[PDB]
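Asker: In the working numbering, the protein residues as written are 130 to 494.
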Ligand SMILES: Oc1ccc(Cl)c2cccnc12
Ligand SMILES: [Mn+2]
Ligand SMILES: [Mn+2]
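This is the structure in structure tokens:
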């Protein structure tokens, strides 16, 4: 059985190596009204699904580690704790349950804990003294992987009930997107359903009223092996590309709500970095720059990492070497994305598998 606090890896909790399936759903029907129910019992669809079973089973192990980590996080996350303490307590648990093993099993990306106006990509770097406050709105976004099969899943943490309707708007739009998603469904269609649900909500925060806005330049995306964003974007506003979702694909269905401008800009010190997937081998002679890239290739490959994870490996005075990799185009920085000062942003995100037989919300129990 799992301990309190959790320390037993998911692998050890299922000796047979069969992890629990997430929520399974029938696909949404067409414009004329034809059901997708036929997929659930088709010989040809069941065959293709069973062929990728070892893969679905990898996302399930990673998803079960994510569920047990976020239930544990919800039990102790309180104002007064620093952002370093939150991330380290979360990551230590994540490492134990995923049974971290180099590139074969581990953390798929750094622990986002973005606050207030900052919607995404904020994790503390060393020496960051930020402390979580009672009126803060914190987005916990973390990832787990087994053999590069990534679970991208996020939720918003608040202590003041004044943000309840803001969270409810975004949660409902994320559920809408998950519901609309499916094989042959246009990506712009999923984006318009999300916007329609989010804008139906009106919030009052400290005597001020707002209609919840989707963050138009933030969006859902496709997931590939060892690739967080595989190229297909799921918009959260009207206007997006009429490109369609295909069979066997994996999507992260995230939506963002804001009381601000509904658009985000790079701000603050960067913590998130990721090697560019399309960049091949680049011989480097600069010794410190060479060393840092070998550290990246060994420990992260093409998965995102943060500076705290470099400090953790015993690395120091690597900022110039890291800047060199960024300017060379080998590494891309992913700085914090903020809306305007004084605005509030919320996020909810699940991972969905577009299986031949059904739609599996693998990150939801
Ligand atoms: O949900 C996420 C968290 C962190 C990062 Cl760096 C991401 C990059 C691309 C897409 N989604 C992401
Ligand atoms: Mn995420
Ligand atoms: Mn994501």
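All C-beta atoms, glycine included, are put in the ideal place defined by N, C-alpha and C.
1. Just grab the DSSP bridge partners of residue 403 for me.
2. With 16 other CB atoms within 10 Å as the buried threshold, where does residue 490 fall?
3. Pick helix, strand or coil for residue 81, following the three-state DSSP scheme.
4. In angstroms, rounded to a whole number, what distance separates the CA positions of residue 185 and residue 482?
5. Could you tell me the alpha carbon to alpha carbon distance between residue 147 and residue 469, rounded to whole angstroms?
6. Can you tell me which residues form a DSSP beta bridge with residue 208?
7. So the beta strand (DSSP E) residue 555 belongs to, where does it begin and stop?
8. Going by C-alpha distance, which of 200, 192, 255 is nearest residue 448?
9. For residue 249, tell me which candidate among 458, 487, 474, 494 has the shortest Cα-Cα distance.
10. Roughly how many angstroms lie between the CA atoms of residue 141 and residue 227, to the nearest whole one?
11. So for residue 248, helix, strand or coil by DSSP?
12. Quick check: what's the CA-CA separation for residue 196 versus residue 316?
13. Leaving aside the five residues before and after residue 181 along the sequence, list all residues of the same chain whose C-beta is less than 6 Å from its C-beta, in chain order.
14. Using a beta-carbon distance below 8 Å, is residue 141 in contact with chain B?
15. Pick out whichever of 306, 169, 213, 229 has its Cα sitting closest to the Cα of residue 384.
16. Counting pairs of beta carbons, one from the stretch 237–248 and one from the stretch 256–271, are three or more of them closer than 8 Å?
17. Regarding residue 440 and ligand 3, is the C-beta to nearest heavy atom distance less than 7 Å?
18. May I ask whether a heavy atom of ligand 1 can be found less than 7 Å away from the beta carbon of residue 458?
19. Which residues are close to ligand 2, meaning CB closer than 7 Å to any heavy atom, in chain order?
20. Residue 456 and residue 405: beta carbons closer than 8 Å?
21. Got a sec? Which residues, its chain only, sit under 7 Å from residue 288 by beta carbon, not counting five neighbours each side?
22. I need the DSSP call for residue 429, collapsed to helix, strand or coil.
23. Count Cβ pairs between the stretch 328–347 and the stretch 294–309 that sit closer than 8 Å; are there 3 or more?
24. Considering residue 180, what are the terminal residues of the beta strand (DSSP E) in which it resides?
25. Does the beta-carbon of residue 374 have 16 or more other beta-carbons within 10 angstroms, so that it is buried, or is it exposed?
26. Just list the residues that DSSP pairs residue 434 with in beta bridges.
27. Please tell me whether residue 352 and residue 279 are closer than 8 Å, where the distance is taken between their beta carbons.
28. What are the residues that DSSP puts in a beta bridge with residue 230?
29. With residue 326 as the anchor, note down where its alpha helix (DSSP H) starts and where it stops.
30. Hey, quick one: how far does the alpha helix (DSSP H) through residue 139 stretch, first residue to last?
31. Going straight from the alpha carbon of residue 303 to that of residue 311, what length do you get?
32. Quick one: grab the DSSP three-state call for residue 201.
33. Would you list the one or two residues that DSSP bridges to residue 365?
34. Excluding sequence positions up to five away, which residues of its chain have a Cβ less than 7 Å from the Cβ of residue 320?
35. Leaving out five residues on either side along the sequence, give the residues of the same chain with a beta carbon under 6 Å from the beta carbon of residue 118.
36. Which residues mark the beginning and the end of the beta strand (DSSP E) in which residue 499 is found?
Answerer: This is what the structure holds:
1. 461
2. buried
3. An answer regarding residue 81 cannot be provided, because it is not within the stretch 130 to 494 covered by the chain.
4. 8 Å
5. 46 Å
6. 210
7. Because the chain spans 130 through 494 in this model, residue 555 falls outside it and cannot be assessed.
8. 255
9. 474
10. 10 Å
11. strand
12. 27 Å
13. none
14. No chain B is present in this structure, which holds just one protein chain.
15. 306
16. yes
17. no
18. no
19. 241, 270, 272, 281, 282, 283, 381, 383, 478
20. no
21. 208, 263
22. coil
23. yes
24. Element bounds for residue 180: not the beta strand (DSSP E) but the alpha helix (DSSP H), 172–180.
25. buried
26. 402
27. yes
28. 234
29. 316–327
30. 139–142
31. 14 Å
32. helix
33. Residue 365 pairs with nothing; no bridge assigned.
34. 363, 364, 365, 366, 367, 369
35. Because the chain is modelled from 130 through 494, residue 118 falls outside the range shown and cannot be assessed.
36. Residue 499 is absent from the model: the chain starts at 130 and stops at 494.
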